[PDB]
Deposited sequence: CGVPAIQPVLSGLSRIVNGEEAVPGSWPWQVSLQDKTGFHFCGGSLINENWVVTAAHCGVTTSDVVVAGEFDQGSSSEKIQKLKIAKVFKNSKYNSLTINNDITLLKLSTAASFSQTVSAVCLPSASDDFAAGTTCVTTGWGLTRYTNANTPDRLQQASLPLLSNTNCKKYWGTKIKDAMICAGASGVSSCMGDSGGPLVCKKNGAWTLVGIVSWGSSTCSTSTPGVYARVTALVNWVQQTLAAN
């Protein structure tokens, strides 16, 4: 996990990604092919995304995609067998914003399709650490970009984040950004990854933030370290 067969070269104000350089990035679409959220493959049978995305078993997981405007591009449209929304997801505060998707048929891993690593509950990714977020969300706050985008951004300390969002920042949230880039409409559920011993590890899941996708405002993500025990437990039980 965390090691792309195709190395990446390093969302508002981000840049186009190298095709297939973020192999765990998936597109969550409805039965018609409409992209409503992103997600991350954690293994061949499971995808992690945001609880607010409201994924259902009628939706599909699209892996190995780069250009959503290309009909010829080879991709994997995977059916969803069951949706596991974290029962602690708070629809009011948006805390514990995570959901697991168990695929009906396993994804076929390859040079453009593979898993991201998961952190340990005790992992500490220091503030200021440069991480990356990816997705097909808006690049301007309007239709989504066809090609997968990426952006490098720093993690923010809770103290620094709270300087803007105050008490809206909860324990299962981690902030990043306010650095000239911003996740935006359509990026939700996607990954916020940081390197752990060289391997890209899922530190956050795009959740919420500025209602205008401001690049000078902290973006808020579901803190994976605070939710990974729930993840492992769900996989072990299913």
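For this chain, the deposited residues without C-alpha positions form the stretches 11-15, 147-148, given in sequence order.
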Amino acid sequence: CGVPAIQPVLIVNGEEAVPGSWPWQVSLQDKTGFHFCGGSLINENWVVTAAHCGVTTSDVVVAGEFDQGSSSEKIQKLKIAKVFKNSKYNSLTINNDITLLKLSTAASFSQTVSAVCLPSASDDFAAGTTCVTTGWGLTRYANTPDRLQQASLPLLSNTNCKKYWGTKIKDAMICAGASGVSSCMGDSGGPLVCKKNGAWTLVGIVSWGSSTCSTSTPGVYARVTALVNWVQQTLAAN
From here on, numbers count along this sequence of modelled residues.
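Take the two forms, superpose them, and find the largest set of C-alpha atoms that agree within 1.5 Å; that set is the rigid core.
Rigid core superposition in 9 other deposited structures of this protein puts the Cα atoms of one stretch, out of 131-139 and 80-88, farther from the shown form on average, and that stretch is 131-139. Of the two stretches examined, 93-101 and 68-76, the one with higher mean CA deviation in 9 other deposited structures of this protein after a rigid core fit is 68-76. In this entry, 67-75 shows the higher mean Cα temperature factor of the pair 95-103 and 67-75. Look at the C-alpha B-factors of 185-193 and of 39-47. On average they run higher in 39-47. Looking at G54, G198, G33, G209, the one whose CA carries the top B-factor in the deposited record is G198. Taking the deposited Cα B-factors for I11, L227, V9, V220, the highest one is held by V9.
The entry lists a Cα temperature factor for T144 that places it in the highest third of the chain's modelled residues. In the PDB entry, a CA B factor belonging to the highest third of its chain's modelled residues is recorded for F125. In this PDB entry, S114 carries a Cα temperature factor that places it within the middle third of its chain's modelled residues. Ranked against the other modelled residues of its chain, the C-alpha B-factor of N90 as given in the entry falls in the middle third. Among all modelled residues in its chain, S108 ranks in the highest third by Cα B-factor.
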